[PDB]
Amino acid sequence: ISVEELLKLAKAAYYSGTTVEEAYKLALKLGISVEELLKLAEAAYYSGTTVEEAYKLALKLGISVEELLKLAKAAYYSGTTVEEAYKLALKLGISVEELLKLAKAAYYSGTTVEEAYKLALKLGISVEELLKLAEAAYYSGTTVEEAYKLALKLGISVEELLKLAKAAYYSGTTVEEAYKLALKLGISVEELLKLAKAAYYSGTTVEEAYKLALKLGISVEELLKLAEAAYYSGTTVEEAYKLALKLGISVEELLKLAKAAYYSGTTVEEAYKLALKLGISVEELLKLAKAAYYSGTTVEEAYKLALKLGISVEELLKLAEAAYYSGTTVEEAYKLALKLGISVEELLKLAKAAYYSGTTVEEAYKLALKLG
């Protein structure tokens, strides 16, 4: 089989507590594909059965493997069995995808699936809207009908209520308080949620974060990026902005530099200075920083490694993860890729497969070849 198929087989074998070849011959005995086997393995895991029991279950209900997996998840969320979940979908005359959404809503509400459905009918709303309402009610510690009553009293939509409930959660206020805050600042619900996050990252209030954005003359999206950067660096938002201006870079570039510095254990200025010394971009530096983290090396060491092997920064990062999955060094992983005649991306998939099945990358490769 192909490397992509082996990885999927290895995931299925991991979910079902078997071996890769046993999973492969199971797929043959059931006359199904590798992708279907994985979903079955995932469905069997949710329902506490075996893969073949899950397949018999799908045949008995007359549904597809994809439908079974959604039904298995719905049964998991509701605390019932697949068949009890199916009987309920039949009684309400809904699809399995609507049941899964309904089951998620009931889970966020601490009610039963049918109770959630009766509520949806009472409020006269769709299953998708109820689910958003349920999440909003969960964030704001109220009931679904209270959340629905609130959205009507504020004259806003269910989607807007949910974002508002998330903003109130970030800023430690109530939903109505969060709404008044949006009107007070003259911004949208979307802008408030981003502003609430920025205040959360920088340890300030929503209004403090807003005054800062006004003083710096930046968007709330730029502020949120700046706040994340300041949080990665251990500086203040304003300090991060002054740094970006000093280095003459954009807010997006500073955030990436901040991430890179966080991985490398350096300051943002040194990360930017390192990128100049190596003559590479901020994006390339961040990938190098990630690679050096997987390898237990420094960023410049990781760069010399890419030069030595004659590969790109991207190829190194994938190679670094493959080495991490195997417990080997980057050069041992590269030597194996060379011996097997495979690409770096194929090695990474092989390394994950080898990790999932508890074998060696080479052992996994020989297995894929045997399976044809």
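Start at 1 and count along the sequence shown; that's the residue number.
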item	value
Mean temperature factor over C-alpha atoms, higher-scoring stretch between 187-195 and 121-129	121-129
Between the two ranges 282-290 and 142-150, the one averaging a larger CA B factor in the entry	142-150
Chain third (lowest, middle, highest) by recorded CA B-factor, residue given as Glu67	lowest
Third of chain Cα B-factors occupied by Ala12	middle
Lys39 - Cα temperature factor, lowest/middle/highest third of chain	middle
CA B-factor placement of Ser157, once the chain's modelled residues are sorted into thirds	lowest
Ranked C-alpha temperature factor of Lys246 among modelled chain residues, by third	highest
